[PDB]
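The chain contents come next:
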Amino acid sequence: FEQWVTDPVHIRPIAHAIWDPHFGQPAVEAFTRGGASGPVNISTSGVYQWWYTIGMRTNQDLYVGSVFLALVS
Amino acid sequence: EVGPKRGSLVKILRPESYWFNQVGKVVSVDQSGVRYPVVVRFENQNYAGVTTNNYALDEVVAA
Amino acid sequence: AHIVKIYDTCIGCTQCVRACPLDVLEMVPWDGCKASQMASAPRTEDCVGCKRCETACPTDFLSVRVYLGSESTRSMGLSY
Amino acid sequence: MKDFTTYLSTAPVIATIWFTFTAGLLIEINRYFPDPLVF
Amino acid sequence: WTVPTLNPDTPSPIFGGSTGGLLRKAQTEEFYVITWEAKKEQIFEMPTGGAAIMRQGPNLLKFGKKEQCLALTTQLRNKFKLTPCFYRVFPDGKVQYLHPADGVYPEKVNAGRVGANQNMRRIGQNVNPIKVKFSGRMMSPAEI
Amino acid sequence: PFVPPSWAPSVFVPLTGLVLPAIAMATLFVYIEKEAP
Amino acid sequence: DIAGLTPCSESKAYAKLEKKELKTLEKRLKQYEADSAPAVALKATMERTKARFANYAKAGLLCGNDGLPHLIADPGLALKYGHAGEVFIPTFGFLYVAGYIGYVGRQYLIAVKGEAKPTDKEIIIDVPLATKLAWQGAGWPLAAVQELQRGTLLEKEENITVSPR
Amino acid sequence: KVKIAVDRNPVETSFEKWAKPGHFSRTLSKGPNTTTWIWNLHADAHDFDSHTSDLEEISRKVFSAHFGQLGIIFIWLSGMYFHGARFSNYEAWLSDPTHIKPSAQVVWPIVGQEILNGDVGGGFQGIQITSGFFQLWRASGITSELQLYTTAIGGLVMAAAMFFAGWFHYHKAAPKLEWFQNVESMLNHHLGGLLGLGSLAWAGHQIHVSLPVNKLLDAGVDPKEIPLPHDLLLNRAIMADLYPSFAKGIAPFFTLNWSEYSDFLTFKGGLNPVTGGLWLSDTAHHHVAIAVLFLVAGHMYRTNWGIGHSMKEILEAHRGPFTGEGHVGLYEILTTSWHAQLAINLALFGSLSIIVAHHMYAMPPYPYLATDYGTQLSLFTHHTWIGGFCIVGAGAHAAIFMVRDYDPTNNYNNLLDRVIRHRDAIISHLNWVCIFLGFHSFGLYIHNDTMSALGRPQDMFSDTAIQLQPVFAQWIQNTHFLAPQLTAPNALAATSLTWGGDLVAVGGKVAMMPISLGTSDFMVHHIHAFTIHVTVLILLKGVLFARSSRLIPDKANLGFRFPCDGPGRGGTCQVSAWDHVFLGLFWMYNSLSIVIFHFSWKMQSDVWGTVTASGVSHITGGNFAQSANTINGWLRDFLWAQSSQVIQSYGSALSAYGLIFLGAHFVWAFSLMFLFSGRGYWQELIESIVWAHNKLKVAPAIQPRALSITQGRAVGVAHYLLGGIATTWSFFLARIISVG
Ligand code: CLA
Ligand code: CLA
Ligand code: CLA
Ligand code: CLA
Ligand code: CLA
Ligand code: CLA
Ligand SMILES: CC1=C(/C=C/C(C)=C/C=C/C(C)=C/C=C\C=C(C)\C=C\C=C(C)\C=C\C2=C(C)C[C@@H](O)CC2(C)C)C(C)(C)CCC1
Ligand code: SF4
Ligand code: SF4
Ligand code: SF4
């Protein structure tokens with residue numbers, strides 16, 4: 001998120017990391033992207049543009065919100 | 001001799017009847033005190049293929 | 001067990017009793033129809049829900065009605 | 001002959017004849033008035 | 001007429017056996033035993049599959065469910081004009097006579113029989129489900 | 001900030017999707033097979 | 001003209017499509033001798049193609065950027081801009097034929113209903129009666145209005161069956 | 001005593017019944033009251049058994065119905081020969097068969113449909129045919145449209161004779177039951193006359209017409225200057241020049257000097273290098289041997305003399321310690337039940353139609369048939385489909401017999417009775433075999449798909465990764481290939497090039513070459529085993545449980561075709577033997593769809609292809625071996641890649657295949673409406689529509705009714721097979737004609 005905000009036109013949003021022990025070394029490389037950091041899935045939900053539009057700018061902001069909503073649940 | 005005349009055409013009034021608002025012919029009316037004494041015959045068969053049914057005097061009206 | 005019910009529209013044709021493949025019905029003396037007999041359902045616990053009785057019923061609407069209910073080894077017609 | 005004409009009056013026969021007539025009529029029209037898109 | 005007693009040592013029709021016979025239910029829950037008298041040895045069809053020869057005089061067979069017994073009862077009565085009777089047998093030795101319950105086949109009206117599950121109304125006179133709602137359990141307007 | 005360690009997935013993914021399912025299935029199957037007193 | 005469309009007569013795409021179509025037919029007409037039956041057939045298709053492109057343009061059809069004729073279905077735009085032979089007139093032509101079939105069939109069913117075995121007259125068609133009604137169907141529209149005004153076209157609800165409700 | 005017995009003037013020839021629809025049925029003759037009557041009339045039209053309980057009357061109806069079929073087939077053949085004489089490019093194709101495409105259907109120029117008249121060659125424009133008639137006519141030695149026209153007229157004379165025979169043997173001289181029950185006599189005539197005489201006569205035509213005419217055609221002689229067949233039949237010197245042994249006449253035959261006829265009766269094997277088809281001399285010696293073999297076979301059954309065998313005696317004699325009474329009762333069942341005969345005949349005839357597809361493709365019997373890939377693919381697929389349908393029909397009529405003609409009094413402790421007594425063992429064991437095949441066949445494809453997606457190709461089942469080689473089939477191929485030198489010394493070459501050896505090329509295209517079998521072949525052969533085993537499971541179960549089951553003990557009383565026994569016992573939907581045939585059709589379609597797809601890809605990938613300088617280029621470049629081991633491989637490299645021809649056919653002569661391709665996808669989806677729905681919903685919807693018709697006084701006397709449950713199932717399966725098979729048909733023909 002802190003990299004997508006810098007270049008939202010060319011950076012692909014990451015949904016979450018992929019931990020699959022059935023993967024082969026080629027699959028690990030094919031799914032490694034979005035600043036590398038290991039195999040990850042790109043997000044098509046639109047939360048990156050949404051949170052960015054509403055003022056979210058840092059992972060600290062995202063972390064705090066997560067805690068709040070967990071408390072609300 | 002209670003009931004409609006034999007051979008007369010009457011319209012069914014029983015709501016759950018296949019011939020509701022339809023006209024049939026009075027085959028016979030049982031003078032004995034049966035719950036449904038009017039035997040009516042219809043040209044169109046029902047979903048079961050039956051073309052006759054018994055109705056009470058109130059369930060039938062000349063039409 | 002399935003709920004089997006007989007209605008006053010019964011004409012005492014006995015067709016349902018002859019069609020039943022599990023002996024759930026029988027004919028009992030009656031005074032409401034010319035046949036002086038009406039169908040009864042004293043063994044519904046053996047009913048499976050085939051609805052053959054309803055197929056045999058010639059009245060409009062049906063005088064015998066089957067309502068599928070709680071399922072048992074007999075209701076599911078299980079030989080195991 | 002009367003029974004034969006009754007057989008020729010049966011639903012399928014009449015349908016074949018009527019549809020053959022209607023198809024033919026439409027085909028001939030497009031044969032003499034080709035590519036009819038508008039009135 | 002009196003309730004008949006099932007003689008379990010009755011001769012069984014000649015049959016080499018099949019794979020459609022009784023299962024573990026016969027030993028844990030219950031099984032059914034049909035009995036009839038034959039005036040002549042006649043080959044017949046086992047409702048469980050296969051041909052079998054009925055023996056002269058007494059005959060006894062065991063089926064897994066009541067429907068199989070009544071199915072054989074239908075064939076013997078309709079084709080051979082015989083009059084069979086069947087019972088439900090529990091694994092504790094208890095026997096329960098089932099058909100004909102009063103010795104008179106159900107289709108033939110018989111005295112003493114008391115009506116059951118009969119409604120003094122036509123189906124079109126049943127109440128709307130809204131009336132039988134919030135009762136002890138799921139029920140139909142017909143049950144009331 | 002509220003960041004789990006790198007081994008998190010190496011442990012969380014195994015537990016959630018294999019171990020926990022087995023535990024859940026075990027207790028659930030027992031309850032269904034249990035009969036009313 | 002309307003919707004930003006352009007007359008097929010002035011569309012360049014319409015002209016290119018006609019050339020493209022004739023060039024396919026010509027590339028094939030070559031492999032055959034001049035009088036060969038194949039050659040005669042390809043020539044008649046080329047003539048029919050030329051007549052179609054010309055007839056469509058003369059009819060004043062409008063063409064989109066695809067160079068294909070588009071049909072105007074608004075009664076107002078069609079009448080004011082000369083496009084009524086595209087959907088309006090066809091509509092009244094079909095409605096007349098379709099009502100013709102319906103009114104004749106209804107007249108047949110009503111006639112056979114008063115017979116001994118209506119079901120028999122539906123599997124075996126009373127041809128003479130059917131032909132008579134077929135010819136008398138030309139004036140169906142006026143007959144349908146006269147039935148609508150006498151209250152004989154519809155059935156009384158009291159005589160029509162319905163479910164319990 | 002075997003003898004001709006008939007009844008005179010049994011049925012009057014009047015149109016009285018023609019005007020009384022449903023006259024044949026006691027229930028239908030009353031006339032229609034609802035729309036169900038119309039369907040019932042057509043559905044019960046050819047069910048004579050249900051019409052009458054008289055076997056003699058049923059047998060007479062069957063005999064005349066067969067003459068009607070034979071007349072229909074003759075008209076069909078006359079049309080094909082007529083269209084070859086008046087609407088075809090056969091004479092031009094005879095001169096240039098390697099370039100001109102066979103065409104025998106020309107369309108009228110209307111609504112722009114003339115585009116379908118493609119440039120097939122030879123100065124002709126029409127639809128390209130794939131029936132293989134041009135190659136059959138060339139093999140027969142036809143060189144003129146006059147011969148095709150004369151055969152067409154002959155076929156119509158034969159069709160008129162067949163229809164006459166049908167009317168005569170039903171209304172004038174109807175054979176009695178005893179006549180039809182002469183099975184021993186029928187087999188003797190069908191083996192000796194129909195088969196042996198038919199083969200002998202054909203050998204006559206081949207030796208006196210097919211061999212010299214085709215030898216001259218292969219030598220390069222123009223079809224116009226070839227001697228007419230009669231010239232060869234009335235002159236021995238011409239035949240002697242072409243075949244020296246003809247100068248000796250028929251002396252060598254009666255003197256047992258058969259070796260002299262070695263020039264026309266041969267055992268070459270392999271393929272004619274000029275045409276790519278089997279040697280006609282080999283086909284001639286074959287039909288002569290077939291004729292002799294079948295003439296002997298037709299002298300085995302006893303008739304009106306003591307010599308011969310009694311089928312009842314033979315059957316009653318074959319009994320063993322494990323099978324009780326044995327084949328007792330079968331003679332009575334197969335002489336009093338047509339459904340029993342139809343079951344066995346449909347089973348073998350379908351299995352045969354499938355065997356013809358494999359044998360005709362591997363050993364191409366007609367000249368220039370092998371390099372015509374459109375015709376080759378069409379023939380194999382067509383005969384494969386006919387076989388599968390007949391096999392499913394065999395199942396249905398076996399169940400019809402079990403439900404209507406089975407009598408326990410005649411089947412006590414016999415093979416039939418003992419089979420019904422262990423039906424649960426049979427179905428349960430077959431059930432497990434089906435589950436084992438499914439996992440070990442389709443599970444392998446899933447493993448490969450997952451391993452490839454996970455980027456682990458070394459963990460896949462392939463000719464480069466883990467290998468599953470069909471060793472047994474590889475050994476058989478090697479044995480058949482080396483056969484000529486050891487086990488078949490006289491034969492010059494092996495029966496087919498598929499076994500191995502050198503490839504035969506005609507017109508620059510591969511006629512036939514060796515077909516290699518690897519892991520992908522091993523995997524698809526096991527899918528076939530699974531699909532066939534499962535289809536058998538459904539059909540067999542439907543037949544063995546047709547009379548009764550643990551769920552329903554009186555299924556036989558309910559009949560063969562019945563919707564269910566109600567929602568009781570949990571639900572008894574589709575318990576009838578007819579419903580098993582309904583389900584069997586879907587699996588038969590699934591099996592054969594996979595079989596024909598396998599054939600098309602394998603042939604386009606490893607056999608068919610242009611032969612160039614130092615190398616053969618196949619149509620798909622040999623991608624079957626490395627692309628047919630995954631479902632993704634099948635979907636991408638077969639369906640998606642080869643659908644390009646049908647999807648890009650618009651604006652051309654194959655445009656019809658594109659339209660049919662879409663129309664077929666439509667019919668298939670339209671079937672799902674009937675297959676997933678129930679009549680209860682439709683009946684109610686019709687009720688509201690009927691209301692509108694009642695309101696406007698336009699309601700029909702014949703009450704509209706939703707289709708019966710069984711009709712709903714029958715309509716659904718019909719549209720499913722029609723749509724699905726037609727879709728493959730359009731895909732196959734467009735693809736093959738374009739890249740042929
Ligand atoms: C059935 C749906 C439908 C729809 C969506 C339209 C839509 C339209 N119609 Mg219309 N029309 C219809 C049915 C319909 N029509 C029918 C059944 C008839 C037969 C009588 C007509 C006869 C008709 C005429 C005579 C005219 C239109 C016109 C128009 C356009 C402007 C009309 C307007 O202002 O509001 C929409 C109209 C309706 C919702 C119903 C009918 C149209 C009204 C009655 C016409 C009033 C137009 C008015 C003068 C506004 C335009 C001013 C000026 C440019 C003429 C418009 C796009 C006008 C036009 O653009 O001509 C160039 C025009 O004058 N229509
Ligand atoms: C006399 C014939 C006739 C007439 C006058 C009508 C009239 C009507 N039908 Mg209808 N219908 C008919 C026959 C007829 N139908 C037949 C044979 C069928 C079986 C397919 C149906 C099935 C049918 C359905 C499913 C529906 C209607 C509906 C309707 C109503 C809406 C308008 C409409 O036509 O929708 C379209 C109707 C059709 C597309 C059916 C086409 C039937 C053909 C074209 C008629 C031919 C009749 C006969 C062969 C001619 C005999 C002539 C005689 C001289 C021998 C309307 C009042 C709709 C409705 O209820 O709306 C309220 C509706 O949903 N009909
Ligand atoms: C003018 C000659 C003639 C006449 C007047 C009759 C008259 C009669 N025949 Mg008959 N018959 C004839 C010729 C004739 N037949 C011939 C040539 C054959 C040999 C095939 C038969 C074989 C035959 C049999 C086996 C039976 C009769 C029966 C009957 C009687 C009632 C059945 C009937 O005809 O209804 C009319 C029936 C039809 C009009 C159906 C036509 C069948 C044709 C051949 C099917 C054509 C299908 C087509 C090729 C493909 C359709 C595909 C689709 C897409 C369009 C009746 C009195 C039946 C009987 O005795 O009464 C119980 C009986 O079982 N006939
Ligand atoms: C040499 C003796 C002979 C021959 C050649 C045939 C040939 C045939 N029989 Mg057959 N049959 C025979 C003796 C013979 N039969 C005897 C002795 C009996 C009594 C036991 C029967 C009883 C019998 C029955 C019950 C049936 C047949 C049927 C058939 C046909 C099956 C269709 C087929 O596969 O062939 C393909 C078709 C052809 C090759 C067309 C050529 C057929 C021509 C006409 C050859 C002539 C055959 C005929 C017997 C010759 C005498 C005709 C004369 C009376 C005018 C077939 C043409 C079936 C049928 O219905 O046929 C209508 C059938 O059901 N036959
Ligand atoms: C159905 C199979 C068949 C048929 C029809 C023929 C037919 C023929 N073969 Mg042949 N052949 C066959 C199979 C057949 N073959 C096979 C399988 C082989 C491989 C062994 C051969 C190998 C072979 C050779 C090597 C030769 C022939 C030859 C011939 C021709 C001369 C036969 C002959 O010499 O006298 C045969 C005797 C008769 C045919 C008896 C005739 C009886 C007549 C027709 C009865 C008329 C009666 C009537 C009442 C008269 C009144 C008439 C009326 C106007 C009043 C002849 C047309 C010879 C040939 O080609 O000649 C050029 C020859 O060289 N064949
Ligand atoms: C020699 C082959 C043969 C013969 C002689 C018979 C004979 C018979 N079969 Mg049978 N059958 C066969 C093969 C054969 N079958 C095969 C291969 C199958 C597997 C699919 C079946 C499956 C089958 C079933 C499931 C049933 C029969 C039944 C019957 C009996 C009544 C037939 C009937 O219902 O009439 C009427 C025939 C029709 C109404 C024809 C329907 C139209 C067809 C199916 C449409 C096919 C598509 C068509 C080509 C589309 C054309 C294009 C379109 C646009 C028009 C009859 C004695 C029935 C029976 O035994 O009664 C209990 C029955 O239920 N057959
Ligand atoms: C007489 C006849 C029959 C008809 C019977 C009956 C009762 C038909 C019922 C008609 C009814 C109730 C119609 C009700 C409302 C109709 C309305 C509001 C009309 C809508 C038409 C509109 C808005 C026009 C649209 C356009 C026009 C100007 C024409 C075209 O340009 C196309 C378009 C859409 C632009 C039987 C028996 C079916 C048998 C047969 C002959
Ligand atoms: S549903 Fe079946 S078992 Fe129950 S009463 Fe009716 S016929 Fe008997
Ligand atoms: S079938 Fe109906 S009317 Fe007849 S006895 Fe049974 S319940 Fe009564
Ligand atoms: S859903 Fe249809 S087929 Fe199944 S039990 Fe009910 S009525 Fe019979």
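Here the structure is shown first, and the text comes after it.
Residues numbered from 1 in each chain as written, not as in the entry; some residues may be left out. Chains lettered and ligands numbered in written order. Part of a larger assembly, values for the part shown. Heavy atoms only, no water.

Enquirer: So, the coordination of the magnesium atom of ligand 2: which residues are in play, and what are the values?
Expert: On the protein, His 693 of chain H (NE2) is the one donor atom to the magnesium atom of ligand 2, at 2.6 Å. Structurally, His 693 of chain H can be placed in helix α27 (residues 679–695). (Donors = N, O, S within 2.8 Å, 3.2 Å for Na, K, Ca; no water. Helix = DSSP H or I, 4+ residues; strand = E, 2+ residues; numbered from the N terminus.)

Enquirer: Would you mind going over empty space enclosed by the protein in detail, with residue names and values included?
Expert: Considering all chains together, one arrives at six cavities of 30 Å³ or more under this definition. Taken as a whole, the largest cavity holds about 100 Å³ of empty space. (1 Å grid on protein atoms, 1.4 Å probe; cavity = no way out; pocket = protein on both sides within 12 Å on 5 of 7 lines; lining within 4 Å. Points joined across faces, edges and corners; volume = space filled by probe spheres on them.)

Enquirer: So what about the interface of chain E and chain C? Which residues, and what values?
Expert: Listed by partner, the interface residues are 35 residues for chain E and 38 residues for chain C. Summing both sides of the interface, chain E and chain C together bury roughly 3,000 Å²; the carbon and sulfur share of this comes to 55%. When the buried area of chain E at its contact with chain C is split by residue, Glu 107, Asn 117 and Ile 123 of chain E rank highest and sum to 20% of it. Taken together, chain E and chain C are joined by three salt bridges. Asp 46 of chain C is the salt-bridge partner of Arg 88 of chain E, the closest N and O atoms lying 3.3 Å from each other. At the junction of chain E with chain C, the criterion picks out 20 residue pairs in polar contact. (Contact = heavy atoms within 4.5 Å. Buried area = accessible area lost by both parts, 1.4 Å probe. Salt bridge = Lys/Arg side-chain N within 4 Å of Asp/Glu carboxyl O. Polar contact = N/O pair within 3.5 Å; in protein donor to acceptor, adjacent residues only side chain to side chain.)

Enquirer: Explain the state of the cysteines to me, using residue names and the numbers behind them.
Expert: All names here are of chain G. Counted according to the given criterion, the structure contains one disulfide over all chains. In this model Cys 8 forms its disulfide with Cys 63; the gap between the sulfur atoms is 2.0 Å. On the sign convention where negative is left-handed, the bridge of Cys 8 and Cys 63, at about 100° about the S-S bond, is right-handed. Here the residue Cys 8 occupies a position in the loop between β1 (6–7) and α1 (12–29), and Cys 63 occupies one in strand β2 (residues 62–63), the gap between them amounting to 55 residues. (Disulfide = S-S within 2.5 Å.)

Enquirer: For the packing of aromatic side chains, give the residues involved together with the corresponding values.
Expert: This model, assessed by the stated rule, comprises 73 aromatic pairs over all chains. Pairwise contacts between aromatic rings join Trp 385, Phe 389, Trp 578, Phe 582, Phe 586, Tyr 589, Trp 668 and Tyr 720 of chain H into one cluster. Seen from the ring of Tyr 105 of chain E, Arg 77 of chain E lies directly overhead, with NZ or CZ sitting 3.4 Å from the centre. A cation over a ring is seen here: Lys 268 of chain H above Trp 279 of chain H, with NZ or CZ 3.7 Å from the ring centre. (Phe/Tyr/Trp six-rings, centres within 6.5 Å; stacked < 30°, edge-to-face > 60°. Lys NZ or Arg CZ within 6 Å of the ring centre and 35° of its normal.)

Enquirer: So what's going on with the side chain of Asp 554 of chain H? Residues and values would help.
Expert: Mapped onto the fold, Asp 554 of chain H is located in the loop between α20 (519–544) and α21 (555–558). Of note is the side chain of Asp 554 of chain H, whose polar atom sits 3.1 Å from the side chain of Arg 52 of chain C. Those residues within four positions of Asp 554 of chain H in sequence are excluded, and the remaining contacts are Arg 52 of chain C together with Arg 547 of chain H.

Enquirer: Would you mind going over unusual backbone geometry in detail, with residue names and values included?
Expert: Here the residue pair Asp 60 of chain C and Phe 61 of chain C is connected by a cis peptide bond, since its omega of 20° sits within 30 degrees of zero. Mapped onto the elements of the fold, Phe 61 of chain C is located in the loop between α2 (52–56) and β4 (64–67). Here the residue pair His 99 of chain E and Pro 100 of chain E is connected by a cis peptide bond, since its omega of -25° sits within 30 degrees of zero. With phi around 55°, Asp 35 of chain D is a residue other than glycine that occupies positive phi space. Among the secondary structure elements, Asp 35 of chain D is positioned in the segment after α2 (11–32). Despite not being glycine, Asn 9 of chain H shows a phi value in the positive range, around 50°.

Enquirer: Which residues make up the interface of chain G and chain D, and what values go with them?
Expert: Facing 15 residues of chain G, the contacting portion of chain D comprises 10 residues. The junction of chain G with chain D conceals about 1,000 Å² of combined surface from both sides, 74% of it contributed by carbon and sulfur atoms. Considering only the surface of chain G that becomes buried against chain D, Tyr 56, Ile 124 and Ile 125 of chain G emerge as the three largest contributors, covering 36% of it. Put simply, chain G and chain D have one salt bridge between them. Ionic pairing is found between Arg 52 of chain G and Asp 35 of chain D, a salt bridge with its closest N-O pair at 2.6 Å. Connecting chain G to chain D are five residue pairs in polar contact. Broken down by secondary-structure element, the contributors of at least two residues to the side of chain G that touches chain D are α2 (37–58) and α5 (118–123) of chain G. Here the side of chain G that touches chain D gets three residues from one element, more than from any other, and that element is α2 of chain G. The residue makeup of the side of chain G that touches chain D, split by class, is 10 nonpolar, one polar and four charged. (Nonpolar A, V, L, I, M, F, W, Y, C, P; charged D, E, K, R; others polar.)

From the geometry alone we can't say anything about function, so treat these as descriptive.
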